[PDB]
Amino acid sequence: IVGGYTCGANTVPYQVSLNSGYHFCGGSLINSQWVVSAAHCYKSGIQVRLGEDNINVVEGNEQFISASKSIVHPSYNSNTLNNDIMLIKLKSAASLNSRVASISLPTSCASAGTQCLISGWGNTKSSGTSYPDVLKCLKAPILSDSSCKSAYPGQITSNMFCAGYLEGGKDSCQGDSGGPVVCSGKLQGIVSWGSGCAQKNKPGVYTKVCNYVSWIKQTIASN
Ligand SMILES: N=C(N)c1ccc(CNC(=O)[C@@H]2Cc3ccc(cc3)NC(=O)CCN3CCN(CCC(=O)Nc4ccc(cc4)C[C@@H](NS(=O)(=O)NC4CCCCC4)C(=O)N2)CC3)cc1
Ligand SMILES: [Ca+2]
């Protein structure tokens with residue numbers, strides 16, 4: 001997260017860290033057994049870390065649970081990043097409490113102009129590399145599809161939306177991938193891609209979760 005602020009310990013209780021010996025992507029807890037992340041975050045041997053604030057210090061609210069399976073959307077295209085969504089099943093159920101909680105899936109898509117909360121442990125520098133200890137947060141509005149396509153001509157599919165600030169300075173970044181964009185209490189986006197981070201006229205591009213709710217619910221029910 002570039003240009004954000006310290007969320008506060010366990011204030012984003014659906015935020016998880018995906019760990020393969022080190023933090024490499026975010027995710028969002030959607031029930032006690034399932035995490036939503038980005039397809040481009042797929043790796044074997046993922047350990048899901050819940051209840052994290054400082055990812056480098058054991059603070060006493062962590063749950064470390066191996067992924068038992070991952071289901072990458074079958075239509076994911078790793079060139080265009082269309083359908084950049086994956087579901088991770090936990091080997092055992094997370095224990096839900098005030099610090100580890102699921103986020104609701106949308107019942108409708110969000111509208112341009114709505115403020116959303118984007119969070120993660122990704123890079124905080126637009127011109128360099130710097131990874132934080134504690135979870136970082138950014139408030140950012142959904143941008144119009146027209147301004148999104150104007151920034152990224154030919155590159156935006158119906159399964160993507162832009163959010164952030166055309167002026168630059170405030171954005172998600174590498175290592176935030178797969179984590180949440182929550183708008184009006186609902187998981188509306190997944191950190192997916194962008195041209196650089198926090199650059200002028202290149203807002204963040206996010207997987208449009210509202211297009212996938214039926215797929216998510218049927219997949220987690222059957223698997
Ligand atoms: N809000 C934000 N501004 C924001 C937030 C989060 C991100 C993070 N998400 C990205 O990085 C995604 C997705 C991605 C990630 C990794 C790889 C490829 C893609 N590579 C691997 O895994 C290695 C394994 N293998 C997979 C891919 N194969 C070939 C296919 C391929 O070439 N496809 C591809 C490559 C690049 C892009 C899209 C598709 C665009 C890229 N943008 S960029 O060029 O400007 N670079 C950014 C990266 C973050 C720091 C600032 C510069 C992008 O965004 N990519 C072979 C390799 C970024 C921005
Ligand atoms: Ca910790």
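Excluded from the calculations below are hydrogen atoms, water molecules and symmetry mates; all remaining heavy atoms, backbone and side chain alike, are included. Here, residue 1 is the first one in the sequence, and each next residue gets the next number.
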Indicate whether the side chain of [X] and that of [Y] have a donor and an acceptor atom separated by less than 3.5 Å.
| X | Y | result |
| --- | --- | --- |
| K43 | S20 | yes |
| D84 | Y206 | no |
| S78 | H40 | no |

Does [X] use its side chain to pair, donor to acceptor, with the backbone of [Y] at less than 3.5 Å?
| X | Y | result |
| --- | --- | --- |
| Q188 | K186 | no |
| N211 | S158 | yes |
| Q15 | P13 | no |
| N123 | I1 | no |
| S37 | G26 | yes |
| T11 | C7 | yes |
| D53 | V134 | no |
| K202 | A151 | yes |
| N223 | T219 | yes |
| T80 | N82 | yes |

Inset, instruction - Rounded to the nearest 0.5 Å, what's the gap from CD1 on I220 to CG on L87? Could you check? - result: 7.0 Å

Validation row: [X], [Y] side chains within 4.5 angstrom (heavy atoms):
| X | Y | value |
| --- | --- | --- |
| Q174 | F24 | no |
| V57 | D133 | no |
| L105 | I216 | yes |
| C109 | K208 | yes |
| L117 | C137 | yes |
| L138 | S119 | no |
| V36 | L29 | no |
| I88 | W34 | no |

Inset, instruction - Show the numbers, then the answer: is there a side-chain hydrogen bond (donor to acceptor under 3.5 Å, both in side chains) between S147 and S150? - result: CA-CA 5 Å; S147 66; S150 200; over 6 Å; no

Legend entry - Shortest non-hydrogen separation from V213 to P106 and the atoms involved: CG2-O, 3.4 Å

Legend entry - Heavy-atom pair with the smallest gap, counting every atom of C183 and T114: CB-CG2, 4.0 Å

Legend entry - With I30, the side chain to side chain contact (heavy atoms under 4.5 Å, CB included) member among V35, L187, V209: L187

Legend entry - Option passing side chain to side chain contact (heavy atoms under 4.5 Å, CB included) with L50 (candidates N61, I65, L96, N10): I65

Legend entry - Chi angles and distances behind the side chain to side chain contact (heavy atoms under 4.5 Å, CB included) call for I156, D145: CA-CA 9 Å; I156 302 301; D145 196 56; 4.2 Å; yes

Legend entry - side chain to side chain contact (heavy atoms under 4.5 Å, CB included) evaluation trace for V48 with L18: CA-CA 5 Å; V48 181; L18 306 187; 4.0 Å; yes

Legend entry - Trace of the ring-ring contact (aromatic ring centres under 6.0 Å, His included) decision for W193 with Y152: CA-CA 11 Å; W193 67 277; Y152 294 105; 5.0 Å; yes

Inset, instruction - Could you label the plane-to-plane angle of the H73 and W215 rings as parallel, tilted or perpendicular, counting under 30° as parallel and over 60° as perpendicular? - result: tilted

